[PDB]
Each structure stands twice: as structure tokens, then as C-alpha cells.
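An overview of the molecular structure
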Amino acid sequence: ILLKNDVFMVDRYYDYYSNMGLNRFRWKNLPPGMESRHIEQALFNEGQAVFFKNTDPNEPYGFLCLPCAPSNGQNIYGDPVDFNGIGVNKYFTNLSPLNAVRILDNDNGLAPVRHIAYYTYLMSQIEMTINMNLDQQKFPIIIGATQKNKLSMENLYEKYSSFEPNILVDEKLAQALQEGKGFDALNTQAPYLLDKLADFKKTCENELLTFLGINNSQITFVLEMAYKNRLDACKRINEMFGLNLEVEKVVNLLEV
Amino acid sequence: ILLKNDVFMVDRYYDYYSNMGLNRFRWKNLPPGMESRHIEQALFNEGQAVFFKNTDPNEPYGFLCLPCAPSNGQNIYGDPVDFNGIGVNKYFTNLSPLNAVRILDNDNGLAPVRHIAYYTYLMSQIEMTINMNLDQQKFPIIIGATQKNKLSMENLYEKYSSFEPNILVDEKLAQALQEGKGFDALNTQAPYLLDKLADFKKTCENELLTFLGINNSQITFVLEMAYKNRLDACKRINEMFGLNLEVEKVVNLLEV
Amino acid sequence: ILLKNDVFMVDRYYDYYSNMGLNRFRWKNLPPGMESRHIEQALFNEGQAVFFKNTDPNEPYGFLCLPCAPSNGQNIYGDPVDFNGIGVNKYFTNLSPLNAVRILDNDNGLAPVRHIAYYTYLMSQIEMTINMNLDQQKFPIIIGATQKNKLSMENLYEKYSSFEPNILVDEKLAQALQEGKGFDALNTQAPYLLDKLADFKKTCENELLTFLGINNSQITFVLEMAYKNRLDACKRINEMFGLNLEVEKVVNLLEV
């Protein structure tokens, strides 16, 4: 960071809105060595996850919950016939509806990160536009002059000014004989936008929070669909494995 | 995604509004191996569905509910004489009103996806226009100059500016003798639209939710026609097959 | 400081907003020779910290809490396998989840200083723009004249004025025969911005305080995520070492 006319703007918004998106739900009884955050990040980043019993003795886990890639074969309705669990430096070959449970964030399996990635691009472009418009307010007019005229204006300003004048030598103005004034002012005044751009950023933030279900009828309905899909997977895991998982909405982070 | 001057905008809106449209109704008693979502996606995507007893022993189902294509023959009133059930990698030849039930979303069999497909195209064009208008605010004026004049303006800006000036060499300006100033400013200032475009997107969203019946007299009446057609098919299925299906509106996703 | 047309503006804002950011939380029971401020500055500057028992006899400490750099190896979920504690003139090699606790400010480990560094750059540019716009109000018009005309205007002003006129000799105006008036006024009037720039600074301050969780649903939710991560590390330290640490929000600095 700290360069001229740039900032590492993406990270500030991407991580900040990811912290919110990762904290909608909590899973409260789990197999050994597994945390609520692991299920929720697979749902957040891929939109779908697969829960299964481990068989590879090299990995120190009884059960895994990982992002899912379905195989290309399907039944009459279009349900995929087999599931693939993707891990860091690992890949689990064709698990099935007979021996694993596939969990969805929402019924199309659209990942919540895809909303965040569009809006972080947009908020970084609003920031750049704020900064360019602010810098442009420093220069409402520029004066072209002859070299001796330029010198005489710097003396007029050095009397009462705290800056240097916005004046330059124009080579055509200095060269030409006959007509042409020896001073000419070009109006470079940009419109003031800073008030409007801060409002539009706040409008974009509320749109993002609505697509996440976080913020009112559509907001509640978005989070209800997200909760229903988790309740329905939770009873399937309890029925296939006997594990007594439960899942809840986060109305507050701390319990008491 | 992540390319310059483009986004994969269609998916974000198409899947998000499909999740809402697929959750208006719930079917609560069903034959073995069949889910409420299977009936509702055939009604959502085709506007009409056919419910029938399976005869093909290769398929692991007692009853199927699939999108319907009617045959071109009809009675005096214009009711189709036979029905065809369309499956993934499958096609069931001429079923009839004597041995199957055809279900409608609404009396013309207009598919709810046809509303979503128009409005996702429109919302993707509003997004592109927002992004183009935002980028255009960075450039209210451009300056044409001679090559030595351009150099002298870059020194004036490097004193107090955090960016580079919007200045270029004009080859006609640099070439020509006699008159012509050696700096000329062309006004490229676009109108500010971002506030208005965010309002129009919200206006388009409410129109889509009204055509789906989801959002007040017309909204309720749209969902009442949609429910009535399902109740009327539900008693027909119970009368032709003895299955005790029931169907309800989703006022909330979870029951308790 | 005290130079013409500059100020040491960064420090005034950076230290002032750092004092606020360092005072969100308090840690109330601690090992010998360690202070609440030491944990909180490692969380504030790096976003993550490592708590461990000292082994190097040259250092006068039983336990240390320092900014953390993870090693590049990770499990299936992407948790880092080892931790490195970074000190002033010191570096502690690969500590592990078996013998140390890693503390987060927030789940992505985004440092709170990264918000402050962007907004202090912005507030220093608003200040410079205020000062340039104020200086520009002194010069709404400049007059070009012949040398004898300039002298005659200084006598007109010395009668009733408390300043000197904004007048200079124009060498083209003085040189040329025939047409051209012997006085010409160039309009240099800038727009008045000081009222608008003070408003935008206040808008930027509220945005910074929201990203810190300090200032209402998003503000509370930001501080709740920040507290939850500290409570969860606090019980881990008490379980690995038997130290009875506790952590609290600062609703007031003094207790009574």
C-alpha cells in the first residue's frame, strides 16, 4: 500500500463483508476435531458442502464436511447421482446419496461470495472516483502566460498567498507576434460530487446486505430459506449417522 | 468473472429470484421417493406438469410428476386429448385424462420463469449503465496541448496533485503555424445518474414480485389463482389414485 | 512543521484514531510483567497474536503475547500447522496449536490499522484542499496594465484601501501599438467550498468509526464479532495454562 494514486482497497471490503456473511448461523453439537466455522465456510464459498465419514487413515478425522463438486450424471428430475469432496491438498472420489449428505446454502447452490465479489469491485471504484474528484477541486482554473508575465504574477502572489499560483508558460503565446493577450485563463472546474458519492456507497451497502439476508420482508425471507435448507440437512445427518447435530440463527454472537 | 468492463451478472439475479419463485407452495403427503420441490420445479419451469403411475421397470419410482407437453389434437372446447411427460434423458408417450392428471400453475399455463428471464436481462443492463456512468465521472474535461506545453502542465500538477492531469498531445495543435492557442479544453462532462438508476432497479424488482404474486389486491389475487389450480389438481390425484396429497401456501418456511 | 503550504497532518489523525481503536477491550487478570495494552496492540496492528510460555532465559518473562505470522503449511480446512511470534529485536520459531494459542481480532485476521491508514490519507487531502480553496478566495480578479497605468491605479487605492491592488504589468499590453485597452481584467474567481469540505470530513469520520465498531445494528454487530473471538481465545488460554484471564468491553474507561 502507500503508493501515489492507488490503494489496496479490495481487501478492506472483502474481508469485512466476509466476516458478516460467515456469522449468520451456528452449529452446536459436532464430531471430534470439527468446528462450526468449517461447515459455514464451505457453504459460504461454494454454496454447497458434503458431510461424510472418513476412510483414509492418514487424515486425523472421524467425519469431514467439505465443499462439494457433483458428477455430471443425474436422475429423471436432474438430481446428481454422485458427490465429490474437495479439500486443501486433497480430493475424495465419488461419494453417494446412500453414504453422504449434501448440504445447500440455498436451493440453486448459489455461493454467497459471488455477491460480495461484485460489490467489493464496485465500492473500490467509488473510492477511486471520490479521490480523483477531490484532487480535481484544487485546480478550477489554469493560467497560460509569457515567461516574463509568469514571473510578474509569482511576485503578486508572494505578497499575500500561502501557495504558488496555477500558472505556466505557453510556448505559442510566448512565440507569436501581433494579437494574443500574454495571459489566457482556461476553465478546468470539475463538478462537486463528494456528498453524492458517499450516498451511493451507502445505497450499495444496503443492496449487498439484502442479498445476504443480514439487514424487511425480503430480508427475512432470504434468511428463512437459508435456515430451512440447514434444518433439512441437519435431520438427514442425524438419521444417517446418529450424531445429534443442531443448527441455529445468530440473533446475538454471545449467548449471555 | 473478474474481467475488465464485464461481470457474470445474469446468474446472481436469475438464481436469487428463482429461489423465491420455487418457495410459494408446499406439498405435504407424497408417494415414496418423491419431494415437494420436484412438483414445484415442473410448475415453475414449464407452467404445467403431468402426474402418473410409472410402468417402465428400469426406473425406481412408483409415481412420477414431470413437465407436460400436450399433443396437437383437442375436443370441441380446445382441451388436449393426450399428454406427454418429459424427463431428463427420458420421454413418456401419450398419457391421457383417463389415466393421468395435468396440473397447471395458472389457467393459461404461462411459466413463471418467463417473467424472471425478462427482468434478469433488464437488471443486468441497469448494472452495466451504473458502471459506465460511474467511470465517466472521472473525466469531466480533457486538455489538448503541444508536446512542450504538456510537459509544463505535468510539472504544475506534480507540486500538489495525487494523480496525473487529463492532458494529451494534439497533432493538429502541435503542427499548425499562426493562430490556435497551444492548449484547448474539450468538455466531456456526463450527467450524474447513480441515484436515479438505483431507484429504477428497485421499481423493476417490485414489478417482478407482483407478476410472481410474492410481495396488494392484485398480488393476493395472483397467488389465490395459483393456489386454486393446485387444490383442484390435488383432489383429482386423490380421487384417481387414493394418495391423500395436500398442498399449502408458505406463509413461513419453518413451521415452528 | 511550520513550513509554507504544508503541514505534518498525518500524525494528528493517525495517533488520535489509534488511541480510540486501542481502547475497545480490557484484559483483567494477567501473568507477571504483562499489561492489557500489550495484547491489544498486537491485535490492533497485525490482526492476530500468539500467546505462549517463554523458554529463552535471557528474556525476563514467564509468558509472552506477540503479533503472529503463520507458516505456509495447512490442514484439509486451511488452518495453518505452526505459528511464529514476532518481537522487537526478537523472533520465536515455529510454535504450534499443541503448545500456544492464536488470538484473532476478527475471523479473517484483518488488522484494524488498515482502516485508519486509508482514512488518515483521505483526511490529510481534505485539509490540503480546504487550505488551497481558502487561499484562492483572496484573488477573484487580476488586472493586467501598462507600467504607467499600474502606477496610476496604486494611487487610486492608496486613498481609501488597506491593501495593495491585484495589478501587474502585461508586456504584450505595454509593447503593442494600435488596439488593446491598456487595462484588462482576467476573472480568476474559484467556487466557495469550505462549508461542503467540512461536511465531507465529518462523513468520512463516521465511516471510519463504523469499520472500528466504535460509534447502529452494523456497529454493534462489528463489536460483537470482535468480542466473541476474544472470549473464545480467553477460555483456550485458561484451559492450556490455568491462568484465569478475563476480557471485557470498555463501556467507560474508569470503573467508578
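Residues numbered from 1 in each chain as written, not as in the entry; some residues may be left out. Chains lettered and ligands numbered in written order. Part of a larger assembly, values for the part shown. Heavy atoms only, no water. Residues with missing side-chain atoms left out of burial classes, pairs and counts.

Method information in the entry identifies cryo-EM as the source of the structure, with 2.8 Å recorded as the resolution.

Considering the relation of the copies chain A and chain C
Inclusion rule: For this overlay, the copies are fitted by least squares on their C-alpha atoms. In this analysis, two residues are considered to be in contact whenever any of their non-hydrogen atoms come within 4.5 Å of each other.
With an axial shift of 0.0 Å and an RMSD of 0.0 Å, the rotation relating chain A to chain C amounts to 30°. In this assembly the copies use different faces: only 8% of the residues contributing to the interface of chain A also contribute to that of chain C.

Thoughts on the sheet that holds strand 8 (residues 167-169) of chain C
Applied cut-off: The pairing criterion is simple: DSSP has to find at least two bridges between the two strands. Numbering goes from the N terminus for both helices and strands, where a helix is a DSSP run of H or I of at least four residues and a strand is a run of E of at least two. Helix axes are fitted only over the stretch in contact, all axes being lines through C-alpha atoms; the angle between N-to-C directions runs from 0 to 180 degrees.
Reading across from one edge, 8-7-9 (chain C) is the order of the three strands in this open sheet, with mixed pairing throughout. Each end of this open sheet is capped by a strand with a single partner; those strands are strand 8 and strand 9 (183-187) of chain C. Strand after strand, the sheet turns through a mean of 30° between neighbouring axes, direction not considered. Looking at chain direction, strand 7 (residues 141-145) of chain C and strand 8 of chain C are connected through three bridges and run parallel. In the strand pairing of strand 8 of chain C, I143(C) is matched with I167(C). Across the sheet, helix 4 (residues 147-158) of chain A touches strand 7 and strand 8 of chain C, and the angle it forms with strand 8 of chain C is around 150°. Of the strands in this sheet, strand 7, strand 8 and strand 9 of chain C touch helix 4 (residues 147-158) of chain C, which is tilted by about 160° from strand 8 of chain C.

Notes on helix 2 (residues 36-46) of chain B
What counts is decided by this rule: Three labels apply to residues, based on accessible area from a 1.4 Å probe with only protein chains included: buried if under 20% of the type maximum, exposed if over 50%, partly exposed otherwise in between.
Residues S36(B), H38(B), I39(B), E40(B), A42(B), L43(B) and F44(B) constitute the buried set of helix 2 of chain B. Looking one or two places after helix 2 of chain B, you find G47(B), whose phi comes out positive at around 80°.

Looking at the relation of the copies chain A and chain B
Between chain A and chain B, which share one sequence, the superposing operator has a rotation angle of 30° and an axial displacement of 0.0 Å; the RMSD is 0.0 Å. Counting the interface residues of chain A, we find that no more than 8% of their copies in chain B are interface residues as well, pointing to two distinct contact surfaces.

Side note on the packing of aromatic side chains
The following threshold applies: Each pair of aromatic rings taken from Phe, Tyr and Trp, with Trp reduced to its six-membered ring, is defined by centres within 6.5 Å and is described as stacked if the planes are under 30 degrees apart, edge-to-face if over 60, and tilted in the remaining cases.
All told, the structure shown has 34 aromatic pairs over all chains when counted by the stated rule. With centroids separated by 5.0 Å and ring planes inclined at 75°, the aromatic side chains of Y16(A) and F211(C) adopt a geometry described as edge-to-face. Residue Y16(A) is located in helix 1 (residues 9-21), and its partner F211(C) is located in helix 6 (residues 194-211); the two belong to separate chains. In this pair, the class of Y16(A) matches that of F211(C), namely buried. Between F63(A) and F241(A), the aromatic rings sit 5.5 Å apart at their centres with planes inclined by 80°, giving edge-to-face as the arrangement.

Overview of the environment of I116(C)
All names here are of chain C. Within the fold, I116 resides in helix 3 (residues 113-136). Note on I116: relative accessible area 0%, which makes it buried. Spatially, the C-alpha atom of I116 lies 21 Å from that of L66, the residues being 50 residues apart in sequence. Ignoring sequence-local partners within four residues, the contact set of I116 consists of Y14, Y17, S18, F44, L208 and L212.

A closer look at the domain arrangement of chain A
Residues and elements named next belong to chain A. So the rule is basically this: These domain limits were set by an automatic method or by a database of domain assignments. Note on definitions: buried area is the accessible-area loss of two parts on being combined, 1.4 Å probe, summed for both. For this document, the term salt bridge refers to a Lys or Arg side-chain nitrogen within 4 Å of an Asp or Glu carboxyl oxygen. Under the rule applied, a polar contact is a pair of N or O atoms within 3.5 Å (in protein, one hydrogen donor and one hydrogen acceptor; residues adjacent in sequence only if both atoms are side-chain atoms).
Domain boundaries in chain A define domain 1 (1-21 + 112-139 + 190-213), domain 2 (22-111 + 217-256) and domain 3 (140-189). Each side of the interface is counted separately: domain 1 has 13 residues, and domain 2 has twelve residues. Buried area between domain 1 and domain 2, both sides added, is near 1200 Å², and the carbon and sulfur share of it is 62%. The three residues of domain 1 that bury the most area against domain 2 are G21, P112 and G213, which together make up 43% of that side's buried surface. At the surface where domain 1 touches domain 2, the tally comes to zero salt bridges. Counting across the domain 1 and domain 2 interface gives nine residue pairs in polar contact. At the level of secondary structure, the elements contributing two or more residues to the side of domain 1 that touches domain 2 comprise helix 1, helix 3 (113-136) and helix 6 (194-211).

What to know about the pairing of strand 2 (residues 48-53) of chain C
Regular strands show a simple pattern: their side chains alternate between the two faces of the sheet. Residues and elements named next belong to chain C. The element strand 2 is largely enclosed, with a buried count of five among its six residues. Judged from the four bridges that link them, strand 2 and strand 6 (residues 101-104) form a sheet pairing that is antiparallel. Bridge pairing in strand 6 links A49 to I103. Pairing geometry for strand 2 and strand 3 (residues 63-70), over five bridges, is antiparallel. Within the sheet, the bridge partner assigned to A49 lies in strand 3 and is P67.

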